[PDB]
Amino acid sequence: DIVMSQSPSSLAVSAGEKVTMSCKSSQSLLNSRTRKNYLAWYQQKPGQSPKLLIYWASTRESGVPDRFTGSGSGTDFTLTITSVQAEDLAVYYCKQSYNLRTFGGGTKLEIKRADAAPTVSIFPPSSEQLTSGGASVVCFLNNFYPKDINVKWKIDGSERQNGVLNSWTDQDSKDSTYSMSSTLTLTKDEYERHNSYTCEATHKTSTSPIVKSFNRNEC
Amino acid sequence: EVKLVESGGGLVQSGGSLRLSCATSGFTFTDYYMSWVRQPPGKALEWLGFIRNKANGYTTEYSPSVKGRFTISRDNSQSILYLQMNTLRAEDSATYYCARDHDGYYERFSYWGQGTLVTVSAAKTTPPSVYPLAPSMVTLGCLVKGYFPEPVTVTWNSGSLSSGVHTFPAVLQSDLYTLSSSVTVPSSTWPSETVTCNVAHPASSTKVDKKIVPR
Ligand SMILES: C=CCO[C@@]1(C(=O)O)O[C@H]([C@H](O)CO)[C@H](O)[C@H](O)[C@@H]1O
Ligand SMILES: [Mg+2]
Ligand SMILES: [Zn+2]
């Protein structure tokens, strides 16, 4: 019956700044026998398993940088990270072990950085895909910041929005950028009717869209 | 070195059963409680159950979410932890992790496995099509199209190309997933040297090495 709740849901901090986040328990976690609060913090970096940081509310696991400090008692806990590094990008979970175990809902820490324009590349469909009746055109928009970006696809100069799938990465753990992939899928018969295939990226870094294109006649 | 390695995840139909295992090494297994925790994609960690240590009779406990439906056991001869899941439902689709738990002294989960992914679905296993993406620096890629279930793995040059890789989360469409991966190297080095994407889809035992050929 122990409810764990974390605050904020998410936030972003620039490298070198302080981060503080909260963990509340619906009942005290202070065990009276041992005089310790049974509250641990775990860090879960994008694509990895959770890693133990802090336990008994304030004991920092060996190998954990001293920039991480757990504090609090009873029903209220805090994790502070001083001089945050790009590598600290993660979801942070608190977890009680007073009565069985229960995790909080997590705090997503993002890293704020300087605005950066994407590096855009476009790719025609492979001969092997075309042999099978389909045609996917791929556009990568790499290493940009902030995450918000617009991509339009133009075929023979006319926008086309149907048949498009977009995917963003998690933020990068070393450069704090995002990347995005955009895939336009057409029939082979439709693909063979048009010449110019264009991916256009509009990001806050420039008023000019970044335009990458290929012509089928030049393939 | 402490090792925990989960196995047993994959695709199972609603109403079916599945048993996971967790192979451990590098510590006195019988001294430790062991927990299972799951995580639906994009969502929070959820504790499922533990099995206690020898000192406590290897007795078990469960979250109310799975009590009656999931069973935890352990093989103390081989230091292997198990999770039996029955009457699976859509909401059981998740990465399952085993974690080393309490030793009588410390309140902490010191170590976690890599996780194994369970998908509960009526859809069929479909292997991916893998396509090469050829055009100072050069960006190359692979398109990994039309597979089910998750996951797939993508490496470049058997993993020796790791920096400047971006592998994009799969997107689900018409009951199939598609993902892509980019790699960026110096143009003096490709096509001068070979660049290959290595794709695996455990569900269909698919292994693919796609060399990125110019022109
Ligand atoms: C005498 C053993 C009790 O230990 C357990 C247990 O097994 O229930 O319970 C402890 C409680 O503080 C009650 O003492 C902790 O939750 C501990 O982690 C473990 O789950
Ligand atoms: Mg048209
Ligand atoms: Zn009991």
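Residues numbered from 1 in each chain as written, not as in the entry; some residues may be left out. Chains lettered and ligands numbered in written order. Heavy atoms only, no water.

Looking at the entry header, you'll see X-ray crystallography listed as the method and 2.000 Å as the resolution.

To continue, consider the state of the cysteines. Residues and elements named next belong to chain A. Going through the model one piece at a time under the given rule, you end up with 4 disulfides over all chains. The partner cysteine of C23 in its disulfide is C94, sulfur to sulfur 2.1 Å. Because the torsion about its S-S bond is 70°, the bridge between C23 and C94 counts as right-handed. Within this pair, whereas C23 is found in strand 3 (residues 19–25), its partner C94 is found in strand 9 (residues 90–96), the two being separated by 71 residues in sequence. When its relative accessible area of 1% is taken as the criterion, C23 is described as buried. Sulfur-sulfur distance for the disulfide between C139 and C199 comes to 2.1 Å. As the torsion about the S-S bond is roughly -70°, the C139-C199 disulfide counts as left-handed. (Disulfide = S-S within 2.5 Å. Helix = DSSP H or I, 4+ residues; strand = E, 2+ residues; numbered from the N terminus. Buried < 20%, exposed > 50% of the residue type's maximum accessible area, 1.4 Å probe, protein only.)

Residue and element names in this part refer to chain A. Relative to the elements of secondary structure, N31 occurs in the loop between strand 3 and strand 4 (39–44). Residue classification places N31 among the buried residues on the basis of a relative accessible area of 14%. Along the primary structure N31 and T75 are separated by 44 residues, whereas in three dimensions their C-alpha atoms are 12 Å apart. At 2.9 Å, the side chain of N31 forms a polar contact with the backbone nitrogen of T34. Within the structure, the side chain of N31 is placed 3.4 Å from the side chain of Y38, a separation counted as a polar contact. (Polar contact = N/O pair within 3.5 Å; in protein donor to acceptor, adjacent residues only side chain to side chain.)

Take the sheet that holds strand 8 (residues 80–85) of chain B next. Residue and element names in this part refer to chain B. Reading across the sheet, the 4 strands line up as 1-3-8-7 and stay open at both edges, with antiparallel pairing between neighbours. The open sheet has two edge strands with one neighbour each: strand 1 (3–7) and strand 7 (70–75). Neighbouring strand axes in the sheet, compared pairwise and without regard to direction, differ in orientation by 15° on average. (Pairing = 2+ DSSP bridges. Axes fitted to C-alpha atoms, helices over the stretch in contact; angles between N-to-C directions.)

Further remarks concern the pattern of salt bridges. Scanning the model with the defined rule gives 16 salt bridges over all chains in all. Connected through shared salt-bridge partners, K45, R67, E87 and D88 of chain A make up one network. (Salt bridge = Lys/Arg side-chain N within 4 Å of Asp/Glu carboxyl O.)

The subject of this paragraph is the pairing of strand 4 of chain A. All names here are of chain A. Burial analysis of strand 4 places 6 of its 6 residues in the buried class, the great majority of the element. Taking every second residue as pointing to the same face, both faces of strand 4 are buried, with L39, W41 and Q43 on one and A40, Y42 and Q44 on the other. Looking at chain direction, strand 4 and strand 9 are connected through 6 bridges and run antiparallel. By the bridge assignment, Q43 is partnered in strand 9 with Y92. Pairing geometry for strand 4 and strand 5 (residues 51–55), over 3 bridges, is antiparallel.

Moving on, we come to the site of ligand 1. Taken together, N31, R33, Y38, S97, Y98 and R101 of chain A together with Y33, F50, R52, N56, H102 and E107 of chain B form the complete shell of residues around ligand 1. Near ligand 1, residues from chains A and B are present, making the site a shared one. Contacts to ligand 1 include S97 of chain A, whose backbone N or O atom sits 2.7 Å from an oxygen atom. At a separation of 2.7 Å, an oxygen atom of ligand 1 approaches a polar side-chain atom of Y33 of chain B. Here the shell around ligand 1 is composed, by residue class, of 4 nonpolar, 4 polar and 4 charged. (Near = heavy atom within 4 Å. Nonpolar A, V, L, I, M, F, W, Y, C, P; charged D, E, K, R; others polar.)

Residue and element names in this part refer to chain A. Taken in spatial order, the 4 strands make up an open sheet running 1-3-8-7, and their pairing is antiparallel. The open sheet is flanked by strand 1 (4–7) and strand 7 (68–73), the only strands paired with a single partner. Within this sheet the neighbouring strands show an average axis-to-axis angle of 20°, counted without direction. With 6 bridges connecting them, strand 3 and strand 8 (residues 76–81) associate as antiparallel partners. Along strand 8, the bridge assignment pairs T20 with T80.

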